[PDB]
Structure formats: structure tokens, C-alpha cells
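In the form deposited in one PDB entry, a lone chain appears below as C-alpha cells.
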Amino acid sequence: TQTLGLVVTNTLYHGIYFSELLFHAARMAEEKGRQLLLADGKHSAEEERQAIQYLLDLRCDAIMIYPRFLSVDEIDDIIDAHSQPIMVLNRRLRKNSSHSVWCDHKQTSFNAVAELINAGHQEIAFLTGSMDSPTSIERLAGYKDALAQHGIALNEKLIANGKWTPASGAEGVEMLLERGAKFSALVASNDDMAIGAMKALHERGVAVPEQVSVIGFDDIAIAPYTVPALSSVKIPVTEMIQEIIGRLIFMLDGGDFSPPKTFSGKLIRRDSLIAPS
């Protein structure tokens, strides 16, 4: 039998929803008659690398790595050092670019922020995710680029560092309100923080969306059911997983590495978003 190996970091948040990604990977492997193995990549570059080798030494025939910590170059070196088909999710490779399936998180963020600016929002708050996360880093970069491209000055008092948890959302908002710098819209780097933030705003008697419009990322199942319904950036996780797993199985059947279908999210517009007052 052929086995597909998955390596995924033990982080509380994942930019590509983990149970969703695992579900579609498992389903795809099952339908194509492959066994699936997932190894804990744990929580550092070194352990992500060791988990890849571990799976090979279990005779996995192909590997999908979803790494938080390994640098692009480290990933390219891994791919080159091995004969088995190895592909990377959520990171864009420099040398082995056909081995990546990636979503331009920076662009998605730029797009959500640009939408706020074109709806009339000049003073936009931003809640970051953890600073060790590529996805968090890209979203923040897309926020700063959207401001700078629209001739809006960057003010770090409008950026609150968060940790992907609802609590960090509520606390990030309380911190921004105490800072006193005015804002008409808030972009949270995931839905959990956006929900925490809507709570703290409601508690402080700040109307959403009337006084502050809110956007998250992830488009979680509860987003249409928050009060008010949460506008959110949807990532094509399912598509992305079917691509990388489908390609890895293609390789095992004699396929070759063809150029990348790249991906982008879409902002889903719900009641938490409107023009300023």
C-alpha cells in the first residue's frame, strides 16, 4: 500500500483550518486507496524537519508539509535532499515553486482593507495574530500596504498585537479604546479575535457596525450567527487541500510537477460591515 504523510505544527491556530484540511486530505487519500499518516511537527523548525524524516523512515511515499517555522530555503533544501514527492502548504517556494500550494494572505488582507478604504474608512484598526505565524505576518503586511497605497499614514497606535484567542480580541479592543486614537473600522486577523472584539465593543457601548465596522478571516461556521453577523475572509481550504493532496497522489502515479494553481480568499460581506457615519 502507498502511504501519504502529513506534517503539521502543534499551534493553537492555523491559517488553513486544521480539522477542515485534515478532513479533506483524509477523504482524498481514502478515495484514492492510500493510507494516511499525520505526524506532530511539534513547535519549532528543527522539529518540523525531524517529523518529515520520521515519516520517510516509516516509508511514507509522499509528504505534505504544513510548516509554521521552517524558512522557505530550509523547505527547498528538504525537497532537494529527497527523492520522494514532498509538497508544502501555505508557503511559496523560491526554487521548487511547483511543490507549493499557497494562498496569497497578504493580498487577501490588502483586498479587505482596500474595500474598507473605498467604502470611506480612513481610520482603520488592526488586530494581529501571533508574531511567529507567516499567516499573521502576511495579513499585517497587507494592512500596511493598503494604507500606504491609498495615501493613509501608518499609525501603530491603531495596531494591537493579539494571539488568535477571543480573549486577546476583547483585550486588544479594550487597549485600542484606552489608547484614544479614533477608528471607524477594525480588521481582526481571525474570526475568534473579531468576535472577542465585537464583545468588548458592545460592552463599551460602541455600535457595530454603526460606529465600528468589523471584519475577520477564516469565515468560521458561526460567523453568520454572531450578533451582528460577522463579515469574514474565506480561504479556499477545500480547494487547496484537494490540489496538494491530488498532486501528491498524481506524482505517486507517475505524474510530474506542473505549475501552481495559486489561491486567494474572498471577503464575505455580512451585517458587521457598513460605511462610517
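Quick note: we count residues from 1 along the sequence shown, nothing fancier. Between two forms, the rigid core is the largest collection of C-alphas that superpose within 1.5 Å.
* State which stretch shows the higher mean Cα B factor in the entry: 168 to 176 or 94 to 102. => The recorded data point to 94 to 102.
* Determine, for stretches 3 to 11 and 267 to 275, which one has the higher mean CA B-factor as deposited. => Mean B over CA atoms: larger for 267 to 275.
* To do: Please pick out which of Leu186, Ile137, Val72, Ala146 has the largest Cα B-factor as recorded in the entry.
  => Most elevated C-alpha B-factor of the set, per the entry: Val72.
* Asked: Based on the PDB record, which member of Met198, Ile117, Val88, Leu127 exhibits the highest Cα temperature factor?
  -> The C-alpha B-factor peaks, among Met198, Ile117, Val88, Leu127, at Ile117.
* Asked: Would the CA B-factor of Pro236 place it in the lowest, middle or highest third of its chain?
  -> Middle third by C-alpha B-factor.
* Asked: Lowest, middle or highest third: where is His82 by C-alpha B factor in its chain?
  -> Highest third of the chain for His82's C-alpha B-factor.
* Could you tell me which third, lowest, middle or highest, the C-alpha B-factor of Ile159 occupies within its chain? => Lowest third.
* For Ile152, return the chain-relative third of its C-alpha B-factor as stated in the PDB record: lowest, middle or highest. => Within its chain, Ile152 is a highest-third residue by C-alpha B-factor, going by the deposited values.
* For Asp57, return the chain-relative third of its C-alpha B-factor as stated in the PDB record: lowest, middle or highest. => Ranked within chain, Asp57 CA B lands in the middle tercile.
There is another form of this protein, the form deposited in another entry, and it is not shown here; the text below is about that form.
* Rigid-core-referenced C-alpha movement of 2 Å or more between this form and the one not shown, selected from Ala223, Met240, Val212, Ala29 -> Meeting the 2 Å or more criterion is only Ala29.
* Asked: Superposing on the rigid core, do we see a C-alpha displacement of 2 Å or more at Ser264 between this form and the one not shown?
  -> Superposed on the core, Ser264 moves its C-alpha less than 2 Å between this form and the one not shown.
* Asked: Superposing on the rigid core, is the CA of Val72 displaced by 2 Å or more between this form and the one not shown?
  -> Yes, the C-alpha moves 2 Å or more.
* Closer or farther: how do the CA atoms of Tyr143 and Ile16 lie in that other deposited form, compared with the form shown, if the change is at least 3 Å? -> They are farther apart; the C-alpha distance rises by 3 Å or more in that other deposited form.
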